[PDB]
$ cat query_11.txt   # compact mmCIF, N, CA, C and O atoms
# COMPACT_ATOMS: atom_id res chain seq x y z
N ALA A 2 172.34 142.42 13.62
CA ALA A 2 173.21 142.92 12.49
C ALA A 2 174.55 143.51 12.97
O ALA A 2 174.88 144.68 12.77
N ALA A 3 175.34 142.64 13.59
CA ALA A 3 176.72 142.93 13.94
C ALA A 3 177.63 142.88 12.72
O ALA A 3 178.79 143.25 12.82
N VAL A 4 177.12 142.39 11.59
CA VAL A 4 177.88 142.34 10.31
C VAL A 4 177.04 142.99 9.21
O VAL A 4 175.88 142.61 8.99
N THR A 5 177.65 143.98 8.56
CA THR A 5 176.98 144.86 7.63
C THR A 5 177.71 144.76 6.29
O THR A 5 178.93 144.94 6.24
N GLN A 6 176.97 144.48 5.22
CA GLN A 6 177.53 144.47 3.87
C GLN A 6 177.12 145.72 3.12
O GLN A 6 175.95 146.13 3.16
N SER A 7 178.06 146.30 2.39
CA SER A 7 177.72 147.42 1.53
C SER A 7 178.50 147.34 0.22
O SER A 7 179.71 147.10 0.25
N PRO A 8 177.82 147.56 -0.92
CA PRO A 8 176.36 147.81 -1.05
C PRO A 8 175.51 146.55 -0.79
O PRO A 8 176.06 145.44 -0.81
N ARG A 9 174.21 146.71 -0.55
CA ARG A 9 173.30 145.57 -0.45
C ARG A 9 172.88 145.02 -1.81
O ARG A 9 172.52 143.84 -1.94
N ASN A 10 172.93 145.90 -2.81
CA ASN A 10 172.77 145.52 -4.22
C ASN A 10 173.86 146.19 -5.04
O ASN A 10 174.29 147.32 -4.74
N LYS A 11 174.25 145.54 -6.14
CA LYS A 11 175.17 146.15 -7.08
C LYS A 11 174.81 145.69 -8.48
O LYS A 11 174.59 144.48 -8.70
N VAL A 12 174.66 146.66 -9.38
CA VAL A 12 174.49 146.39 -10.82
C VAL A 12 175.77 146.85 -11.49
O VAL A 12 176.12 148.04 -11.41
N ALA A 13 176.50 145.92 -12.11
CA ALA A 13 177.76 146.28 -12.72
C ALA A 13 177.69 146.05 -14.22
O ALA A 13 176.92 145.21 -14.67
N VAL A 14 178.50 146.78 -14.96
CA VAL A 14 178.69 146.54 -16.38
C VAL A 14 179.93 145.67 -16.54
O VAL A 14 180.93 145.87 -15.86
N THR A 15 179.89 144.70 -17.44
CA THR A 15 181.09 143.90 -17.73
C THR A 15 182.34 144.79 -17.83
O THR A 15 182.36 145.78 -18.58
N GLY A 16 183.38 144.44 -17.07
CA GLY A 16 184.66 145.15 -17.10
C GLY A 16 184.88 146.14 -15.95
O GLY A 16 186.02 146.50 -15.65
N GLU A 17 183.80 146.58 -15.29
CA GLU A 17 183.92 147.51 -14.15
C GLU A 17 184.53 146.80 -12.94
O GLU A 17 184.28 145.61 -12.72
N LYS A 18 185.34 147.53 -12.17
CA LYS A 18 185.85 147.03 -10.89
C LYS A 18 184.74 147.17 -9.85
O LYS A 18 184.04 148.21 -9.80
N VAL A 19 184.52 146.11 -9.07
CA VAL A 19 183.47 146.10 -8.05
C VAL A 19 184.11 145.74 -6.72
O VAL A 19 184.81 144.72 -6.62
N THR A 20 183.87 146.60 -5.73
CA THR A 20 184.32 146.36 -4.36
C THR A 20 183.10 146.23 -3.44
O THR A 20 182.22 147.13 -3.40
N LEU A 21 183.05 145.08 -2.76
CA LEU A 21 182.03 144.81 -1.75
C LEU A 21 182.69 144.88 -0.37
O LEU A 21 183.75 144.29 -0.13
N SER A 22 182.06 145.62 0.53
CA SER A 22 182.64 145.88 1.83
C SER A 22 181.87 145.12 2.89
O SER A 22 180.64 145.08 2.85
N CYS A 23 182.60 144.53 3.83
CA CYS A 23 182.00 143.83 4.95
C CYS A 23 182.51 144.48 6.24
O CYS A 23 183.72 144.53 6.45
N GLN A 24 181.60 145.00 7.06
CA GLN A 24 181.97 145.74 8.29
C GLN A 24 181.34 145.05 9.50
O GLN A 24 180.15 144.75 9.48
N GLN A 25 182.13 144.83 10.55
CA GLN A 25 181.65 144.08 11.72
C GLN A 25 181.80 144.86 13.03
O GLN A 25 182.73 145.66 13.16
N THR A 26 180.91 144.58 13.97
CA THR A 26 181.08 145.05 15.38
C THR A 26 181.28 143.88 16.35
O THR A 26 181.14 144.04 17.56
N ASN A 27 181.57 142.69 15.83
CA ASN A 27 181.79 141.50 16.65
C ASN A 27 183.19 141.43 17.26
O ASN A 27 183.43 140.63 18.18
N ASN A 28 184.11 142.23 16.72
CA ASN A 28 185.55 142.20 17.12
C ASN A 28 186.19 140.83 16.84
O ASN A 28 187.22 140.45 17.43
N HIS A 29 185.60 140.10 15.89
CA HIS A 29 186.05 138.76 15.58
C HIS A 29 187.37 138.80 14.81
O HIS A 29 187.54 139.63 13.90
N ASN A 30 188.26 137.86 15.12
CA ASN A 30 189.55 137.81 14.45
C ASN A 30 189.42 137.47 12.96
O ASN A 30 190.18 138.00 12.14
N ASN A 31 188.47 136.58 12.61
CA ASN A 31 188.38 136.09 11.23
C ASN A 31 187.24 136.75 10.44
O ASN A 31 186.17 136.99 11.01
N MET A 32 187.47 136.97 9.15
CA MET A 32 186.40 137.43 8.25
C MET A 32 186.42 136.61 6.95
O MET A 32 187.47 136.08 6.58
N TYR A 33 185.27 136.52 6.29
CA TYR A 33 185.05 135.54 5.21
C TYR A 33 184.17 136.14 4.11
O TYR A 33 183.21 136.85 4.43
N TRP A 34 184.46 135.83 2.83
CA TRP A 34 183.55 136.17 1.75
C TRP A 34 183.16 134.89 1.01
O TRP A 34 184.03 134.10 0.61
N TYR A 35 181.84 134.70 0.88
CA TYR A 35 181.25 133.56 0.18
C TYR A 35 180.41 134.02 -1.01
O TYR A 35 179.92 135.16 -1.04
N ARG A 36 180.24 133.12 -1.97
CA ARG A 36 179.29 133.30 -3.07
C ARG A 36 178.27 132.18 -2.95
O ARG A 36 178.65 131.03 -2.68
N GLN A 37 176.98 132.52 -3.13
CA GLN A 37 175.90 131.57 -3.12
C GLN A 37 175.07 131.67 -4.41
O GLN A 37 174.22 132.56 -4.54
N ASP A 38 175.34 130.79 -5.35
CA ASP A 38 174.53 130.71 -6.56
C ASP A 38 173.19 130.06 -6.24
O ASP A 38 173.07 129.23 -5.34
N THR A 39 172.18 130.45 -7.00
CA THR A 39 170.85 129.89 -6.84
C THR A 39 170.91 128.38 -6.86
O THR A 39 171.44 127.76 -7.80
N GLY A 40 170.38 127.79 -5.80
CA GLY A 40 170.30 126.33 -5.71
C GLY A 40 171.53 125.69 -5.11
O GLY A 40 171.61 124.46 -5.01
N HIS A 41 172.52 126.49 -4.70
CA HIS A 41 173.76 125.91 -4.19
C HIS A 41 174.06 126.41 -2.77
O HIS A 41 173.34 127.26 -2.25
N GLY A 42 175.08 125.84 -2.15
CA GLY A 42 175.53 126.33 -0.84
C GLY A 42 176.45 127.55 -0.97
O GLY A 42 176.75 128.01 -2.08
N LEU A 43 176.89 128.07 0.18
CA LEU A 43 177.87 129.12 0.24
C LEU A 43 179.26 128.55 -0.12
O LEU A 43 179.72 127.63 0.56
N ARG A 44 179.90 129.09 -1.15
CA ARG A 44 181.25 128.66 -1.53
C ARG A 44 182.24 129.72 -1.10
O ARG A 44 182.04 130.92 -1.32
N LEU A 45 183.31 129.28 -0.45
CA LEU A 45 184.30 130.22 0.12
C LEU A 45 185.27 130.81 -0.92
O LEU A 45 186.02 130.07 -1.58
N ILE A 46 185.28 132.14 -1.04
CA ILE A 46 186.09 132.82 -2.03
C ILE A 46 187.46 133.23 -1.46
O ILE A 46 188.49 132.76 -1.95
N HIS A 47 187.46 134.07 -0.43
CA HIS A 47 188.69 134.44 0.30
C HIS A 47 188.31 134.60 1.78
O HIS A 47 187.13 134.81 2.12
N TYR A 48 189.30 134.53 2.65
CA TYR A 48 189.06 134.78 4.10
C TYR A 48 190.28 135.48 4.66
O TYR A 48 191.24 135.76 3.93
N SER A 49 190.24 135.75 5.96
CA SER A 49 191.30 136.51 6.61
C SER A 49 191.33 136.15 8.12
O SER A 49 190.31 136.11 8.80
N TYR A 50 192.54 135.89 8.60
CA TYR A 50 192.75 135.59 10.03
C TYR A 50 193.06 136.82 10.86
O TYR A 50 193.28 136.71 12.08
N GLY A 51 193.11 137.98 10.18
CA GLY A 51 193.34 139.26 10.84
C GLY A 51 193.87 140.34 9.92
O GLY A 51 194.19 140.06 8.75
N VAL A 52 193.94 141.57 10.43
CA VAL A 52 194.39 142.74 9.65
C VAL A 52 195.63 142.43 8.85
O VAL A 52 196.61 141.86 9.36
N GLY A 53 195.56 142.76 7.57
CA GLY A 53 196.68 142.59 6.65
C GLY A 53 196.82 141.20 6.05
O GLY A 53 197.60 141.01 5.11
N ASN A 54 196.07 140.24 6.58
CA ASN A 54 196.10 138.88 6.03
C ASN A 54 194.89 138.60 5.12
O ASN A 54 193.76 138.88 5.49
N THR A 55 195.15 138.02 3.96
CA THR A 55 194.07 137.38 3.18
C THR A 55 194.56 136.03 2.73
O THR A 55 195.75 135.85 2.44
N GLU A 56 193.62 135.08 2.66
CA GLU A 56 193.92 133.71 2.32
C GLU A 56 192.94 133.30 1.24
O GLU A 56 191.73 133.60 1.32
N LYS A 57 193.45 132.64 0.22
CA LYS A 57 192.57 132.14 -0.84
C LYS A 57 191.67 131.06 -0.29
O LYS A 57 192.13 130.17 0.45
N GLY A 58 190.39 131.15 -0.63
CA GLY A 58 189.42 130.11 -0.33
C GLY A 58 189.47 129.02 -1.39
O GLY A 58 190.54 128.73 -1.98
N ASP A 59 188.32 128.41 -1.62
CA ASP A 59 188.16 127.29 -2.56
C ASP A 59 187.89 127.79 -3.97
O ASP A 59 188.28 127.13 -4.93
N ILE A 60 187.27 128.96 -4.09
CA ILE A 60 186.98 129.51 -5.41
C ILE A 60 187.52 130.96 -5.60
O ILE A 60 186.77 131.88 -5.92
N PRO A 61 188.84 131.15 -5.43
CA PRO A 61 189.38 132.51 -5.43
C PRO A 61 189.46 133.17 -6.81
O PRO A 61 189.56 134.40 -6.88
N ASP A 62 189.43 132.39 -7.89
CA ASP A 62 189.80 132.95 -9.21
C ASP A 62 188.84 134.05 -9.67
O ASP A 62 187.62 133.89 -9.56
N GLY A 63 189.42 135.17 -10.12
CA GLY A 63 188.69 136.34 -10.66
C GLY A 63 187.96 137.15 -9.62
O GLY A 63 187.82 138.38 -9.69
N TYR A 65 188.74 137.10 -8.05
CA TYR A 65 188.47 137.94 -6.89
C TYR A 65 189.79 138.20 -6.21
O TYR A 65 190.68 137.35 -6.23
N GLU A 66 189.90 139.39 -5.63
CA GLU A 66 190.95 139.69 -4.67
C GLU A 66 190.23 140.02 -3.37
O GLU A 66 188.99 140.21 -3.36
N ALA A 67 190.98 140.08 -2.28
CA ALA A 67 190.39 140.53 -1.03
C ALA A 67 191.34 141.46 -0.29
O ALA A 67 192.55 141.53 -0.60
N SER A 68 190.81 142.19 0.69
CA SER A 68 191.65 143.10 1.45
C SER A 68 191.12 143.17 2.89
O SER A 68 189.92 143.35 3.08
N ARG A 69 192.02 143.06 3.87
CA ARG A 69 191.62 143.22 5.28
C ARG A 69 192.38 144.45 5.83
O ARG A 69 193.43 144.32 6.49
N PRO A 70 191.88 145.65 5.50
CA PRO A 70 192.68 146.84 5.84
C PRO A 70 192.59 147.21 7.33
O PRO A 70 193.38 148.05 7.81
N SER A 71 191.62 146.65 8.03
CA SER A 71 191.42 146.94 9.47
C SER A 71 190.82 145.69 10.07
O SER A 71 190.29 144.83 9.34
N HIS A 72 190.89 145.57 11.40
CA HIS A 72 190.29 144.45 12.10
C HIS A 72 188.80 144.35 11.74
O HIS A 72 188.27 143.25 11.61
N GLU A 73 188.16 145.50 11.51
CA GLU A 73 186.71 145.58 11.36
C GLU A 73 186.17 145.40 9.96
O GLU A 73 184.98 145.19 9.80
N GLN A 74 187.03 145.53 8.96
CA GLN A 74 186.56 145.56 7.58
C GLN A 74 187.28 144.51 6.70
O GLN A 74 188.50 144.35 6.77
N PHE A 75 186.50 143.84 5.86
CA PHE A 75 187.03 142.86 4.91
C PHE A 75 186.35 143.10 3.57
O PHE A 75 185.13 143.03 3.49
N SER A 76 187.14 143.45 2.56
CA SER A 76 186.59 143.77 1.23
C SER A 76 186.85 142.69 0.20
O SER A 76 187.94 142.09 0.18
N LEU A 77 185.86 142.50 -0.66
CA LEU A 77 185.95 141.62 -1.82
C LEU A 77 186.01 142.48 -3.08
O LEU A 77 185.16 143.37 -3.28
N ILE A 78 186.98 142.20 -3.93
CA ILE A 78 187.20 142.99 -5.16
C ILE A 78 187.11 142.10 -6.38
O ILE A 78 187.84 141.10 -6.50
N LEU A 79 186.19 142.46 -7.28
CA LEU A 79 186.10 141.89 -8.64
C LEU A 79 186.82 142.90 -9.52
O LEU A 79 186.30 144.00 -9.78
N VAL A 80 188.07 142.58 -9.92
CA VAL A 80 188.90 143.53 -10.66
C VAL A 80 188.26 143.94 -11.96
O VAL A 80 188.29 145.12 -12.32
N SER A 81 187.65 142.98 -12.66
CA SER A 81 187.00 143.25 -13.94
C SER A 81 185.75 142.38 -14.00
O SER A 81 185.83 141.20 -14.37
N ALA A 82 184.60 142.95 -13.61
CA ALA A 82 183.33 142.21 -13.52
C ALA A 82 183.03 141.38 -14.77
O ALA A 82 183.20 141.89 -15.87
N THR A 83 182.60 140.13 -14.59
CA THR A 83 182.09 139.32 -15.72
C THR A 83 180.69 138.75 -15.42
O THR A 83 180.34 138.54 -14.27
N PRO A 84 179.87 138.54 -16.47
CA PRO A 84 178.53 137.97 -16.25
C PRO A 84 178.52 136.75 -15.32
O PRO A 84 177.59 136.62 -14.53
N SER A 85 179.55 135.90 -15.37
CA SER A 85 179.56 134.66 -14.58
C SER A 85 179.68 134.96 -13.09
O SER A 85 179.45 134.08 -12.25
N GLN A 86 180.04 136.20 -12.76
CA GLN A 86 180.14 136.63 -11.38
C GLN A 86 178.82 137.14 -10.78
O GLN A 86 178.77 137.42 -9.57
N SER A 87 177.77 137.27 -11.60
CA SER A 87 176.42 137.56 -11.05
C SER A 87 176.03 136.47 -10.04
O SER A 87 176.07 135.25 -10.35
N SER A 88 175.68 136.87 -8.82
CA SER A 88 175.42 135.95 -7.74
C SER A 88 174.90 136.69 -6.49
O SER A 88 174.62 137.89 -6.57
N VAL A 89 174.77 135.97 -5.38
CA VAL A 89 174.54 136.62 -4.09
C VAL A 89 175.74 136.35 -3.21
O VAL A 89 176.09 135.18 -2.97
N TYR A 90 176.35 137.41 -2.71
CA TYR A 90 177.61 137.27 -1.98
C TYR A 90 177.31 137.53 -0.51
O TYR A 90 176.62 138.51 -0.19
N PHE A 91 177.85 136.68 0.36
CA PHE A 91 177.63 136.79 1.80
C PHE A 91 178.96 136.88 2.50
O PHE A 91 179.85 136.05 2.25
N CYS A 92 179.09 137.84 3.41
CA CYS A 92 180.28 137.84 4.24
C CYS A 92 179.92 137.36 5.65
O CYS A 92 178.73 137.20 5.98
N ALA A 93 180.94 137.01 6.42
CA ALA A 93 180.78 136.55 7.78
C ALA A 93 182.00 136.98 8.57
O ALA A 93 183.10 137.16 8.01
N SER A 94 181.77 137.21 9.85
CA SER A 94 182.87 137.29 10.82
C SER A 94 182.83 136.05 11.71
O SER A 94 181.82 135.33 11.79
N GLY A 95 183.93 135.80 12.42
CA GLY A 95 184.00 134.60 13.22
C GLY A 95 185.32 134.39 13.93
O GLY A 95 186.28 135.14 13.74
N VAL A 96 185.34 133.36 14.76
CA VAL A 96 186.54 132.95 15.50
C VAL A 96 186.28 131.50 15.87
O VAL A 96 185.12 131.13 16.15
N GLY A 97 187.32 130.66 15.86
CA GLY A 97 187.11 129.24 15.99
C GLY A 97 186.12 128.81 14.91
O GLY A 97 186.21 129.26 13.76
N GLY A 98 185.15 127.97 15.28
CA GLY A 98 184.11 127.53 14.33
C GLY A 98 182.88 128.45 14.28
O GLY A 98 181.90 128.17 13.58
N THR A 99 182.92 129.55 15.01
CA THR A 99 181.77 130.47 15.05
C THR A 99 181.66 131.28 13.73
O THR A 99 182.66 131.74 13.18
N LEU A 100 180.43 131.44 13.25
CA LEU A 100 180.16 132.23 12.05
C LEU A 100 178.99 133.16 12.27
O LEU A 100 177.90 132.72 12.67
N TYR A 101 179.21 134.44 12.00
CA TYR A 101 178.17 135.44 12.09
C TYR A 101 178.04 136.12 10.72
O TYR A 101 178.96 136.77 10.24
N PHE A 108 176.82 135.68 9.85
CA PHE A 108 176.75 136.14 8.49
C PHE A 108 176.15 137.53 8.38
O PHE A 108 175.31 137.93 9.21
N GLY A 109 176.58 138.23 7.34
CA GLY A 109 175.87 139.38 6.79
C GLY A 109 174.59 138.97 6.06
O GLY A 109 174.30 137.78 5.85
N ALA A 110 173.83 140.00 5.67
CA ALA A 110 172.50 139.83 5.07
C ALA A 110 172.58 139.53 3.57
O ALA A 110 171.57 139.21 2.91
N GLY A 111 173.78 139.64 3.01
CA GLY A 111 173.93 139.33 1.58
C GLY A 111 173.92 140.55 0.66
O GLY A 111 173.38 141.62 1.01
N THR A 112 174.53 140.37 -0.52
CA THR A 112 174.61 141.38 -1.56
C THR A 112 174.24 140.73 -2.91
O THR A 112 174.95 139.84 -3.38
N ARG A 113 173.13 141.17 -3.51
CA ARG A 113 172.77 140.71 -4.85
C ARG A 113 173.63 141.44 -5.86
O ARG A 113 173.72 142.70 -5.83
N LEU A 114 174.29 140.69 -6.74
CA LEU A 114 175.13 141.31 -7.76
C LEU A 114 174.71 140.84 -9.15
O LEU A 114 174.72 139.63 -9.43
N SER A 115 174.34 141.81 -9.99
CA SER A 115 174.05 141.57 -11.41
C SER A 115 175.07 142.25 -12.30
O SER A 115 175.24 143.48 -12.28
N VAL A 116 175.80 141.43 -13.08
CA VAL A 116 176.76 141.93 -14.06
C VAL A 116 176.16 141.87 -15.49
O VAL A 116 175.77 140.80 -15.96
N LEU A 117 176.10 143.02 -16.14
CA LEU A 117 175.44 143.15 -17.45
C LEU A 117 176.43 143.18 -18.60
O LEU A 117 177.56 143.70 -18.51

$ encode --input "query_11.txt" --output "structure tokens"
Amino acid sequence: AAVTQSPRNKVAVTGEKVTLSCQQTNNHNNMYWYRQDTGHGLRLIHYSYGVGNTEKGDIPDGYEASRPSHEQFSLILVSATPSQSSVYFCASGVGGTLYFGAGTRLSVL
């Protein structure tokens, strides 16, 4: 567990801002946030090549991200919606290497 997600669970009410934090001890240059719906693969939401950089993934709409330090990468749902209920996984990495977090179950009510 060189990559830690917090919270591990989140129950949100529609409209609440939700911030998911990803913290690493890998010292990896890159960090990543994915969503995994039941029955599907990990879909890339946003990523980062280093502090202060965020890059839109394949499914960025209705998420922001922040890389405030080399070690931390946050995913922000500005205004939670039911369609955002899912399991979110972060990863650190460099080159093609990926080191995933344990996941965050998110239920939006």

$ atom_distance --input "query_11.txt" --atom1 "atom N of residue 31 of chain A" --atom2 "atom CA of residue 85 of chain A"
28.7 Å

$ closest_residue --input "query_11.txt" --among "A:69, A:41, A:11, A:29" --to "residue 94 of chain A" --atoms "all atoms listed in the file"
A:29

$ atom_distance --input "query_11.txt" --atom1 "atom N of residue 111 of chain A" --atom2 "atom CA of residue 6 of chain A"
6.2 Å

$ atom_distance --input "query_11.txt" --atom1 "atom C of residue 15 of chain A" --atom2 "atom CA of residue 113 of chain A"
16.6 Å

$ residues_around --input "query_11.txt" --residues "residue 86 of chain A" --least-positions-apart "4" --cutoff "7 Å" --atoms "all atoms listed in the file" --output "count of residues only"
4
